[PDB]
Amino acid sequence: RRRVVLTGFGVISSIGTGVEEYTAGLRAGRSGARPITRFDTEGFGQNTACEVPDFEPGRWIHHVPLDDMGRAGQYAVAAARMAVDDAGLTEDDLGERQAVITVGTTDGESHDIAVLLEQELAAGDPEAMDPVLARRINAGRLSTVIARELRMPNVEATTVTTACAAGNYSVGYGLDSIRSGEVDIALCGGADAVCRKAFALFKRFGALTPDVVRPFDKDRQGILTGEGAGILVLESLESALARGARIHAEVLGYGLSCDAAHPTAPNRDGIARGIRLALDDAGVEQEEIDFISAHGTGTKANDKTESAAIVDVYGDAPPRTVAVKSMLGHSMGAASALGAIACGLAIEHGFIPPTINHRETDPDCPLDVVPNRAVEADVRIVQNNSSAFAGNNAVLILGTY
């Protein structure tokens, strides 16, 4: 069966833009938490999220007019340009090449949907709504604008809408697409943008922390909303070696499971099945996993249930289990993509990113979460977990090349 490698990473995150800044943020245990600037927070009783602080779209986007995209599309396109540059691929290298472009999202341009609704409400008239926003709100656009920016017409542009697991589904679809032999390159990841919809949703669910995100902490109080984009360049090994690509890591396998249970609660059995399916697809045993990048949102329900699924599969000897969302907050569809890139960098650079804001591990999560500071480690094989509303689970296994 065909080997698939990661040749390029593109990162727009609350802790760093670009591979070098993101690597430094992960190693340093940087927090992405800062005041919300995207929308009016009056009445929420809190105003912290993990926004991208200094986004300069002009620095990455050349061809697609900016008003053709909301912030989520701009993040996806900027990260895809950074990824192809990190892969040493030019627009000319990409042009002809049959490709899959797959972007995961939870909310897409839900900020623009809110702005359209403000226009209707202020006017009392739906005719006041801006056609420029209306034209860019559909999730399918997040994948097509990358093909437009990169001048790639021979593209399957699929936006995967599996909410908080979407990045891992996208990377997996790229793996399956290249393994099929039908393409030798896929641009895969996830993108979302901070918005009133996500902030209000998590607040009303009682899932927002009043202060900081403490995954697996005994006194954890929930999440901060985040945003950004991670785009990964997947290539057949044959194609990467033929053009002398630098390989960050190998994609070994993934697993998809559905809880078929509840529309918002996590499920121990569904998460455990996703993990086992991923290990089977990757052809690896539990004992070979150096650490797990947990979905690890810092809610009471998520971390208890995910720990129990991990303890279940790994038989009371789990590996180090860390929560990148401690640093990033919850970047929704992007979370698992930024997690996958963190895992690839951990493999390449021999370090485990920390679970920050950690005071005391929940006794019911008997895990080494690598609290507060990164450690150096011989990192060869890494599991990246994701779970979502509607019972959707996706687990990704990356290895050393």
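So that there is no doubt, residue numbering starts at 1 and follows the sequence shown.
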| task | Identify the stretch, either 355-363 or 53-61, whose C-alpha atoms have the larger mean B-factor according to the entry. | result | 53-61
| Per the entry, higher mean C-alpha B factor between 166-174 and 282-290 | 282-290
| Can you tell me which of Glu306, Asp192, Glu238, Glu149 has the highest Cα temperature factor in the record? | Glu238
| Going by the entry, which of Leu252, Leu89, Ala198, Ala186 has the most elevated CA B factor? | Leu89
| Modelled-residue ranking by C-alpha temperature factor, third containing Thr264 | middle
| request: Relative to the other modelled residues of the same chain, rank the CA B-factor of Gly45 and answer lowest, middle or highest third. | output: highest
| task | Classify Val19 as lowest, middle or highest third according to the C-alpha B-factor given in the PDB entry, relative to its own chain. | result | highest
| remark: Chain-relative C-alpha B factor for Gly339 (record values, thirds): the lowest
| Ranked C-alpha temperature factor of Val375 among modelled chain residues, by third | highest
